[PDB]
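These notes are about the structure you will find just below.
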Amino acid sequence: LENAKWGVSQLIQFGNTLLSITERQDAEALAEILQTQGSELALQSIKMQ
Amino acid sequence: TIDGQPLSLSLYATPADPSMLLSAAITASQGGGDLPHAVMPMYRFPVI
């Protein structure tokens, strides 16, 4: 039971870390796509000026 | 004309369009960690 509780506590740690990694990944991809479309809008605004 | 102004109008050349700036992320590739030499200790398997 001590060995099993060890392994399951390590698995809890890995699941928490995987959750944090995938939400950081999603926020990073969001910021990247925001910068790309901001660049395109800046080009269009220069063409308007 | 009589006043020296031209009858035929002038040519209007097209200005250059603003270009789109490009960036890139070049990537590297370093080697992995290679395994060192193993030493045998004095304790049993649950202790080590």
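Nothing in this text is a laboratory measurement; each read-out follows from the coordinates by a stated rule. Neighbour counts run over all protein chains shown; Cβ positions are idealised from the backbone, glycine included.
On inspection, residue A:47 qualifies as assigned to a helix (DSSP H, G or I), exposed (fewer than 10 other Cβ atoms within 10 Å of the Cβ) and within 14 Å of chain B (Cβ to nearest Cβ).
Inspect all residues belonging to the stretch B:22-31 and state whether any of them is within 14 Å of another protein chain (Cβ to nearest Cβ), of a type outside the set (A, V, I, L, M) and within 30 Å of residue A:44 (Cβ to Cβ).
Filtering the stretch B:22-31 down to residues within 14 Å of another protein chain (Cβ to nearest Cβ) leaves B:22-25.
Applying the additional criterion that residues be of a type outside the set (A, V, I, L, M) yields B:23.
Now restrict to residues that are within 30 Å of residue A:44 (Cβ to Cβ): B:23.
Within the stretch B:22-31 (the criterion being within 14 Å of another protein chain (Cβ to nearest Cβ), of a type outside the set (A, V, I, L, M) and within 30 Å of residue A:44 (Cβ to Cβ)), the answer is yes, since at least one residue qualifies.
The numbered conditions (1) within 11 Å of chain B (Cβ to nearest Cβ); (2) under 22 Å from residue B:19 (Cβ atoms) are all true for residue A:37 except (1).
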